[PDB]
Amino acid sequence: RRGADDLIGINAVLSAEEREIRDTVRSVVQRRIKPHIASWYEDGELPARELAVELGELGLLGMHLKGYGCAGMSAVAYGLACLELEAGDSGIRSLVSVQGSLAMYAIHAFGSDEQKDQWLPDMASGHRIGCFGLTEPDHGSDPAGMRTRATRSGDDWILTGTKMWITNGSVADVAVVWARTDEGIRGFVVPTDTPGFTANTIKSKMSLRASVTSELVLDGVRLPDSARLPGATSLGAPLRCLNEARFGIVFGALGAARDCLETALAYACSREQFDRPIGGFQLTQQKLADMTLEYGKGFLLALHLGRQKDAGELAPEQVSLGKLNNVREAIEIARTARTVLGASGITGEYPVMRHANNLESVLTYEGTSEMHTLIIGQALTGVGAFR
């Protein structure tokens, strides 16, 4: 029996430095996440604040950023880290994506030196948690239509609106909030203790239950001009953040896929029915071959994109190739794997249903499958088809 990674030949196309980072994160996941995750997911509650500190002190927050206590690792090493985190759980990887590639990235890329120096080192250590308030109840795929507004009042700004589906929102110390102004989209560094700001936890989730997801109500929150991100002057600012986060998801989704594929492979060799291992039936082999193919193609695509990113050669339409492909192929792998487990596959004895349900959120967030199709389509044709 050859495992999927062995059959694909993954280690041989990575460096020793990359493999070391991957191995380090895998060990963190096996030790600190996997023993608890079934319970956190079932309960829909996790010690998010304590976990952020743990992960930050381990060097896992802001991994792809430079300075301020961050790891400054390569795009490929960061990708491998995300893959390992998500093999643990997509909710856990989501906490990390929002912290580093959304909230910290926004401050790193568009913030004043005062904002960077105030927030980034404590965010890298996990002692202060961020969130990224873009989506609203009525505006998700079309953030250009956002209705949260920032209006001037003397030297201050007044922020009024509601953000929805905001990861980490209820446990966040700081919110990077996007708003429309009379001169275009702007972003603000919003301490969550500011009067007028409330965060409400979303309950009854059937996906991403080991993550905090919130409504943010900005009920006329008054901020000084110094709270504005000076470098953010258009919708392109939040979109640059999304493209950073999307890259991590390109790798991350493959971790959930891998965990499911490995589960199905092991089960197909151990479980017998009709006097042979179920892996000895053609219909089982078809599934295992198909899943291994999409995992391997997805990994080679992710690695290619990461190598391009490190070389400085990576556009949003290229990231969209990876995001469109790897998330939908991952969720199909999870679904197929569950069928191989039969009834055993319907409980948290195995990770497959958790992965499959989690991947519903990953499929939708950071641009739906349709959004990525249209981004790629526009690149290929020169014609937008969003409207």
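Start at 1 and count along the sequence shown; that's the residue number.
As listed in the deposited structure, the average C-alpha B-factor of 222-230 and of 135-143 is greater for 222-230. Between 307-315 and 157-165, the higher mean Cα B-factor belongs to 307-315. The residue among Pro351, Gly322, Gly342, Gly67 whose C-alpha carries the highest B-factor in the deposited model is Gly67.
Residue-level inspection of the entry shows that, of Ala356, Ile346, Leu60, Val362, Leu60 has the top Cα B-factor. Placement of the Cα temperature factor of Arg93 within the chain: middle third of the modelled residues, per the deposited record. Per the PDB record, residue ranking by Cα B-factor puts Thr151 in the highest third of the chain. In this PDB entry, the Cα temperature factor of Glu183 sits in the top third of its chain's modelled residues, the highest group. When all modelled residues of the chain are sorted by CA temperature factor, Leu261 is found within the lowest third. Looking at the C-alpha B-factors along this chain, the one for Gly236 belongs to the highest third.
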